[PDB]
Engineer: 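I am attaching a structure below and will ask some questions about it afterwards.
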Amino acid sequence: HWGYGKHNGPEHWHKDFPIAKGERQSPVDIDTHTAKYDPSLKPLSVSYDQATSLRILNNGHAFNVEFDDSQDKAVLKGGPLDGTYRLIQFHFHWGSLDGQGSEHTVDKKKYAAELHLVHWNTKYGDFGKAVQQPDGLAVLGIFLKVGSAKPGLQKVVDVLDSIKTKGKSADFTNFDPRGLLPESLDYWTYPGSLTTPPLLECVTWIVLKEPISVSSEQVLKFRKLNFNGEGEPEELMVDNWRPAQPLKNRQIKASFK
Ligand SMILES: NS(=O)(=O)c1c(F)c(F)c(NS(=O)(=O)c2c(F)c(F)c(F)c(F)c2F)c(F)c1F
Ligand SMILES: NS(=O)(=O)c1c(F)c(F)c(F)c(F)c1F
Ligand SMILES: OC[C@H]1O[C@@H](O)[C@H](O)[C@@H](O)[C@@H]1O
Ligand SMILES: [Zn+2]
């Protein structure tokens, strides 16, 4: 029953998810000058060559592209991570206008949207067990700015008309998530949480410094989705982002000097 509106949005979540006021909540503002280079970080490895996308779903909060995670087909390793993390899904957060939409901010700057590639630590066997662990998940976050079109996003944009309302799903096989990455893998990293209820504090965040460019037309199609189900009052799926939360006793590390 949580959402993003005035009556059930981020400022209400703590009533049912008290960890919302916890010590390692996400997202955060990334102060680029306070972030510190860490020469200890190992090289980051995004290995998506054998990814198997399955389907796309409007879950009433965002849309998720789900992957076969029954083997080590698309994995994230290295950087701050110990061991292997397997891609399970990606989704976005976006705004009603280009000046807002991201969850993380960079020196308080908000981007038009933010892509999250969600991975779970294979040492825990399944996603559900992983979210009982302080190092259960790794989320690769990528900012979107509006400018030139992103060709590798277009297949996503074009299927959205078929999942307009909550509960609708569609086939989404043979999608390559490598087409959503920027050129550089420079990143910031810190320990945090899911940014949606249940807000569990299980995530190693890896936020890429380089945004991807998408066209206005691409993001406008995100904004034609509905939060509601078919046959219910229409409410546009926009502003599905949680604002920055207190950093508390954390440090953000940079992969780049
Ligand atoms: N803590 S929370 O965000 O998860 C949450 C919440 F903050 C709530 F307020 C409810 N209350 S509600 O009854 O569902 C309800 C709404 F959520 C509405 F948005 C609304 F417009 C209503 F009229 C309404 F009745 C709720 F259940 C819930 F879990
Ligand atoms: N925003 S997020 O990347 O923190 C995130 C998750 F990591 C997750 F596993 C989910 F199930 C979500 F719904 C979600 F929004
Ligand atoms: O005590 C010194 C140490 O302080 C820590 O907070 C920093 O993360 C380290 O990089 C530093 O070496
Ligand atoms: Zn997310």
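By convention here, the first residue in the shown sequence is residue 1. In each ligand, atom 1 is the first atom listed, and ligand 1 is the first ligand listed.
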Engineer: Would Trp188 and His104 satisfy ring-ring contact (aromatic ring centres under 6.0 Å, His included), going step by step from the backbone distance to the final call?
Structural biologist: CA-CA 11 Å; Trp188 298 284; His104 296 88; 9.6 Å; no

Engineer: Would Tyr111 and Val106 count as a side-chain contact (heavy atoms from CB on, under 4.5 Å) if you check the C-alpha gap in whole Å, the side-chain angles of each, and the deciding distance to 0.1 Å?
Structural biologist: CA-CA 9 Å; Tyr111 288 89; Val106 178; 4.0 Å; yes

Engineer: Please could you name the atoms of ligand 3 that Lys36 approaches to less than 4.0 Å, counting only its heavy atoms?
Structural biologist: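 Atoms satisfying the 4.0 Å criterion: 10 (O).
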
Engineer: Indicate yes or no: does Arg178 engage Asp176 in a salt bridge with an N to O separation below 4.0 Å.
Structural biologist: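 Salt bridge present between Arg178 and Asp176.
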
Engineer: Under 4.0 Å from a heavy atom of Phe17: give me the atoms of ligand 1 that qualify, with their elements.
Structural biologist: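 Counting from 1, the qualifying ligand atoms are 4 (O).
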
Engineer: Would you please determine whether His93 falls within less than 4.0 Å of ligand 2 on a heavy-atom basis?
Structural biologist: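 It does; at least one heavy atom falls under 4.0 Å.
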
Engineer: Could you list which atoms of ligand 1 come closer than 4.0 Å to a heavy atom of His12?
Structural biologist: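 Close to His12: 1 (N), 3 (O), 7 (F).
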
Engineer: Please identify which of these residues, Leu153, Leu180, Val157, meets the side-chain contact (heavy atoms from CB on, under 4.5 Å) condition with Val214.
Structural biologist: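 Looking at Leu153, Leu180, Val157, the match for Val214 under the side-chain contact (heavy atoms from CB on, under 4.5 Å) is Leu153.
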
Engineer: Any N or O of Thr196 that comes nearer than 3.5 Å to an N or O of ligand 2?
Structural biologist: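 By distance alone, the answer is no.
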
Engineer: We want to know whether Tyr124 and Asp135 form a side-chain donor-acceptor pair, criterion being a heavy-atom distance below 3.5 angstrom.
Structural biologist: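 Distance-only check passes for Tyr124 and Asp135.
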
Engineer: Tell me whether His7 has any N or O atom under 3.5 angstrom from an N or O of ligand 1.
Structural biologist: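 No; the residue has no nitrogen or oxygen that sits under 3.5 Å from a nitrogen or oxygen of the ligand.
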
Engineer: Could you tell me whether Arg242 and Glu103 have a side-chain N and a carboxylate O separated by less than 4.0 Å?
Structural biologist: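 Salt bridge: no.
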
Engineer: I'd like to know if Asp68 and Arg86 make a salt bridge, using a cut-off of under 4.0 Å between side-chain N and carboxylate O.
Structural biologist: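 Salt bridge flag = no for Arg86 with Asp68.
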
Engineer: Under 3.5 Å between some N or O of ligand 1 and some N or O of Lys15?
Structural biologist: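 There is no such contact.
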
Engineer: State the atoms of ligand 1, each with its element, that fall below the 4.0 Å cut-off from a heavy-atom position in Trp2.
Structural biologist: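 Selected atoms, number and element: 3 (O), 4 (O).
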
Engineer: Under 4.0 Å from atom 7 (C) of ligand 3, is there any protein heavy atom?
Structural biologist: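 True for atom 7 (C) of ligand 3.
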
Engineer: Show the atoms of ligand 3 that are less than 4.0 angstrom away from any heavy atom in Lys253.
Structural biologist: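 Close to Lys253: 7 (C), 8 (O), 10 (O).
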
Engineer: Check this for me - ligand 2, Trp205, N or O atoms closer than 3.5 angstrom, yes or no?
Structural biologist: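 No; the residue has no nitrogen or oxygen that sits under 3.5 Å from a nitrogen or oxygen of the ligand.
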
Engineer: What residue and atom, counting heavy atoms only, is the protein's closest point to atom 8 (C) of ligand 2, and at what distance?
Structural biologist: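 Answer, as residue, atom name and distance: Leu194 CD2, 3.6 Å.
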
Engineer: Enumerate the atoms of ligand 2 whose separation from the nearest heavy atom of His116 is less than 4.0 angstrom.
Structural biologist: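 This gives 1 (N), 2 (S), 3 (O) as the contact atoms.
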
Engineer: Heavy-atom contacts under 4.0 Å between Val139 and ligand 2: side chain, backbone, both, or neither?
Structural biologist: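 Side chain only.
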
Engineer: Do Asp239 and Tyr4 have side-chain atoms, one donor and one acceptor, less than 3.5 Å apart?
Structural biologist: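 On atom types as modelled, these side chains do not qualify, holding no pair under 3.5 Å.
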
Engineer: Can you say whether the rings of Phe63 and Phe92 are parallel (under 30°), tilted (30 to 60°) or perpendicular (over 60°)?
Structural biologist: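 Correct class here is tilted.
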
Engineer: Just going by heavy-atom distances, which of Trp241, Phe90, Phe127 is nearest to atom 9 (F) of ligand 2?
Structural biologist: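 Checking each option, the heavy atom nearest atom 9 (F) of ligand 2 is found in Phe127.
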
Engineer: Starting from atom 1 (N) of ligand 2, locate the nearest protein heavy atom and write down its residue, its atom name and how far away it is, to 0.1 Å.
Structural biologist: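 Going atom by atom, the protein heavy atom closest to atom 1 (N) of ligand 2 ends up being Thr195 OG1, 2.8 Å.
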
Engineer: Could you list the atoms of ligand 2 found under 4.0 angstrom from a heavy atom of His91?
Structural biologist: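 Every atom of ligand 2 under 4.0 Å from some heavy atom of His91: 1 (N), 2 (S), 3 (O), 5 (C), 14 (C), 15 (F).
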
Engineer: Hey, is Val118 touching ligand 2 through its side chain, its backbone, both or neither, going by heavy atoms under 4.0 Å?
Structural biologist: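 It is the side chain that touches ligand 2; the backbone stays farther off.
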
Engineer: Give a yes-or-no answer on whether the side chains of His7 and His12 include a donor-acceptor pair shorter than 3.5 Å.
Structural biologist: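 Distance-only check fails for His7 and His12.
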
Engineer: Please tell me whether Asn226 and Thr165 have a donor and an acceptor in their side chains that are separated by less than 3.5 angstrom.
Structural biologist: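 There is no such pair between these side chains.
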
Engineer: Could you tell me whether the side chain of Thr122 and the main chain of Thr84 form a donor-acceptor pair under 3.5 Å?
Structural biologist: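 Such a contact is found between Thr122 side chain and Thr84 backbone.
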
Engineer: When you measure from atom 5 (C) of ligand 3 to every protein heavy atom, which one gives the shortest distance, and what is it?
Structural biologist: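 So the nearest neighbour among protein heavy atoms is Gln251 NE2, 3.9 Å.
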
